[PDB]
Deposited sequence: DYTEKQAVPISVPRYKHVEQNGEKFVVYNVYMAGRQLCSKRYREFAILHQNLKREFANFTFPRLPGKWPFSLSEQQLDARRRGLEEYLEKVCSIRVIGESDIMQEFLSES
C-alpha cells in the first residue's frame, strides 16, 4: 500500500536495485544487502511471518531474470513497508538511505 517502488536495476561488476518512495529515490542496493536486510528484520520482528525474499539461483541471471528479481524485491518491500512498526524501524530507515 505505501508507494514504495523499485522501478530499475542497474549494472555497475554487479547489479544494484534503485528504491523509491512516492517517486523519491532513497537508495541503490545490491541483492546481498536486501538479503541482510531480511535477516536483520526477521530477527528483530521474529513474531511476524515474513514474506519470502526473492532467492538465489544456480545460474547467473539474464536481463529478464534481473527484472523478475527487481519485481520480487519491490513486492517484498511493498509488504513489509506497509506494516508501520517494520517500515519505520531503525533497520529499515537505515536501509533506505545513502551513506
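A.B. asks: Quickly check which stretches of the deposited sequence aren't in the model, judged by C-alpha, and list them in order.
C.D. replies: Since the structure holds only modelled residues, the stretches it omits are 1-6, 19-23.
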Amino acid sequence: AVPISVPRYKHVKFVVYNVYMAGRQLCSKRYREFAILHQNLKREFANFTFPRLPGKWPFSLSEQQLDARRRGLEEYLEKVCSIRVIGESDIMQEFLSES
From here on, numbers count along this sequence of modelled residues.
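A.B. asks: Mean CA temperature factor from the deposited coordinates, higher in 30-38 or in 56-64?
C.D. replies: Taking the mean C-alpha B-factor of 56-64 and of 30-38, the larger value falls to 56-64.
A.B. asks: Should the higher mean CA B-factor in the entry be assigned to 87-95 or to 15-23?
C.D. replies: Stretch with the greater average CA B-factor: 87-95.
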